[PDB]
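# What the coordinates show
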Amino acid sequence: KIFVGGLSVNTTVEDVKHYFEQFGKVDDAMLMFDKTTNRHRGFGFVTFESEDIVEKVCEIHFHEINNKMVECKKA
């Protein structure tokens, strides 16, 4: 599974899930925000057996979540 941060506002898992789904299989794709505080930054846990993408997508320091430059690491 991989890790991600920069969870913009309103952005919902369906965003990361479909985002990395095109990057790999992605059977799981979650995002963690803040209780009654979906405004600050957070971190989501995705998972695509495709290690290949994990290889690069992990080094990326500014991915693109629909309209933001979140980040993605390996786990």
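Residues numbered from 1 in each chain as written, not as in the entry; some residues may be left out. Heavy atoms only, no water.

In terms of determination method, the entry is listed under solution NMR.

Turning to a negative patch on the surface, a few remarks are in order. On the surface, a cluster of negative charge is made up of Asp27, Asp28, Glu49, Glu51, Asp52, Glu55 and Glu59. Of the residues forming the negative patch, the biggest block, 4 residues, is contributed by helix α2 (residues 51–59). With respect to the helices and strands, the residue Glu51 is situated in helix α2. (Patch = residues over 30% accessible without salt bridge, like charges linked within 9 Å, V, L, I, M, F, W, Y side chains within 5 Å. Areas by Shrake-Rupley, 256 points an atom, 1.4 Å probe, with all protein chains shown as cover. Salt bridge = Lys/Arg side-chain N within 4 Å of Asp/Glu carboxyl O. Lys, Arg positive; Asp, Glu negative; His and termini not counted. Charge placed at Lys NZ, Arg CZ, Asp CG, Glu CD. Helix = DSSP H or I, 4+ residues; strand = E, 2+ residues; numbered from the N terminus.)

Within this structure, the stated rule accounts for 2 salt bridges. Taking the shortest distance from any N to any O, the salt bridge between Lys17 and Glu21 comes out at 4.0 Å. Here the residue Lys17 and the residue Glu21 both occupy positions in helix α1 (residues 13–21), the gap between them amounting to 4 residues, near one helical turn. With relative accessibility at 32%, the residue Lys17 sits in the partly exposed group. The salt bridge involving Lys35 is made with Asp34; its shortest N-O contact spans 3.9 Å. You can call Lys35 exposed: its relative accessible area is 66%. (Buried < 20%, exposed > 50% of the residue type's maximum accessible area, 1.4 Å probe, protein only.)

What follows is about the side chain of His63. With respect to the helices and strands, the residue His63 is situated in the loop between α2 and β4 (71–74). Of the polar contacts made by the side chain of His63, one reaches the side chain of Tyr19; its length is 3.4 Å. With near-sequence residues (within four places) excluded, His63 lies in contact with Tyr19, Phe23, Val57, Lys68, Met69, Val70, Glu71 and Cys72. (Polar contact = N/O pair within 3.5 Å; in protein donor to acceptor, adjacent residues only side chain to side chain. Contact = heavy atoms within 4.5 Å.)

Bridge count between strand β1 (residues 2–5) and strand β3 (residues 43–47): 4 bridges; the pairing is antiparallel. Bridge pairing links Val4 to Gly44 in β3. Sheet topology note: the β1/β4 ladder contains 4 bridges and is antiparallel. Paired with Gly5 across the strands is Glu71, a residue of β4. (Pairing = 2+ DSSP bridges.)

Turning to the sheet that holds β3, a few remarks are in order. Ordered by their spatial adjacency, 4 strands build an open sheet running β2-β3-β1-β4, and the pairing between neighbours is antiparallel. On the outer flanks of this sheet lie β2 (28–29) and β4, each paired with one strand and no other. Those strands touched by α2 are β1 and β4, and its axis lies near 130° from that of β4. (Axes fitted to C-alpha atoms, helices over the stretch in contact; angles between N-to-C directions.)

Soluble globular proteins tend to bury their nonpolar side chains together. Core analysis: the largest hydrophobic core is formed by 16 residues, its most contacted members being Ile2, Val4, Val16, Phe20, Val46 and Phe48. At the level of secondary structure, the elements contributing two or more residues to this core comprise β1, α1 and α2. Among the elements that line this core, the one with the most residues is α1, at 3 residues. Once residues within four sequence positions are removed from consideration, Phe48 is found in contact with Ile2, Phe20, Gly24, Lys25, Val26, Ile53, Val54 and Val57. (Core = buried A, V, L, I, M, F, W, Y, C linked by side-chain atoms within 4.5 Å.)

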